[PDB]
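Only one chain comes next, encoded as structure tokens, the form deposited in one PDB entry.
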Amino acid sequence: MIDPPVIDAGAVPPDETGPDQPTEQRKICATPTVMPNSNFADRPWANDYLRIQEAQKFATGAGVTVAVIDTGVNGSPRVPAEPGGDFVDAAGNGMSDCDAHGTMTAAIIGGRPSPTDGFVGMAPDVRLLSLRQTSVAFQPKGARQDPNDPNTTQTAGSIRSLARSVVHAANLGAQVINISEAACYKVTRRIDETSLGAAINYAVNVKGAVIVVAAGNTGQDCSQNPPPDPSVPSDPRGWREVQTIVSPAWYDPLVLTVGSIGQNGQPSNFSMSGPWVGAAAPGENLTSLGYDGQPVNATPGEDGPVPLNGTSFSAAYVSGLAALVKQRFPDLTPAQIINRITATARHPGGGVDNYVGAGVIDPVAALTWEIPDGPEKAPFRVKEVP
């Protein structure tokens, strides 16, 4: 079990780039690929599902800057990212993607169209800023000073560098910030996250940025959380059932945490569940753009090419939508942009659940429905509810 996280607003980390601890290379740099028999002349399924073409009659993200906090971006005329800094390599600027990931995240958000294929990003007129904050190819190097202190873990190092990257992105003038990192740890292992909570509050409440985060993918580090227990109706999102903390996912609703759905509209088996999930978006068998800005829908795997899957990509669609909303309704605050996205979503049974949150985004609805704006900043308490 675990309580929602506390925000210590005065723990804002310094605006400085660079890794938490010195890094070295562990894997060869990776390159995206294609699935056999692909026809990129067709619109990708997510584009049809989300009615992107219709949505773009109302907004393109012109005038909006989106920060992509991910594995870096190998830029191109169709994915024209600008350097936002490097938090993995001491010498770097965010414009090198050695993981075949951040580039495709950015293209989902803002990839330009082409006369020769059917791919376009959600918001093809946005300015993109790339901050490399995570990597599997490059890993913290030497032996851990104290192998028991939870704050000397790679997860904790990643959390502390993320905090800095958020302050940096906000100070760079990002209006939307997409975060691919989903740092996972056991409820028993407490990490000092106070700088991350402070950086988020700073970026959202002081600098006015919408922050969209991945729900996380199950794997070695992230064990799936159990569903809420029906027996306890005083804990209907199952906070008392949580075995894996996922951060920054758990700062919902200050951030918007995005899970993944498949082609059939159902939650993906790999999407991390929890009481903090807020929305969902396509995250399976996707198409995106590669290092030359050409279409690609796979990365290499041991038994051949693996389709583009994951919650970072679902988050990218929602970041793209936030940029559309920001252009169309430029007076809305981050809280009000998030409210508009979640209110117009396709709600699941029970209104909200631990897999899709408030449901699958609906861009046309987000851009056209007339609804109450709601509070300018996320409401809070300074005293705990009994």
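Numbering starts at 1 and runs along the sequence shown.
Omitted from view is the form solved in complex with a partner chain, to which the following refers.
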query: Proximity of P228 to its partner chain in the bound PDB entry, heavy atoms at 4.5 Å; finding: no
query: 4.5 Å heavy atom contact, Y185 and its partner chain in the bound PDB entry; finding: no
query: Any non-hydrogen atom of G208 within 4.5 angstroms of its partner chain in the bound PDB entry; finding: no
query: Touches its partner chain in the bound PDB entry: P300 (any heavy atom, 4.5 Å); finding: yes
query: Candidate from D99, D252, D89, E241 lying within 4.5 Å of its partner chain in the bound PDB entry - any heavy atom; finding: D99
query: Answer option from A174, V126, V296, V204, heavy atom within 4.5 Å of its partner chain in the bound PDB entry; finding: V296
query: Stretch from 286-294, 220-228, 265-273, 196-204 whose residues place a heavy atom within 4.5 Å of its partner chain in the bound PDB entry; finding: 286-294
query: Contact at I179, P334 and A358 by its partner chain in the bound PDB entry, all three, heavy atom at most 4.5 Å; finding: no
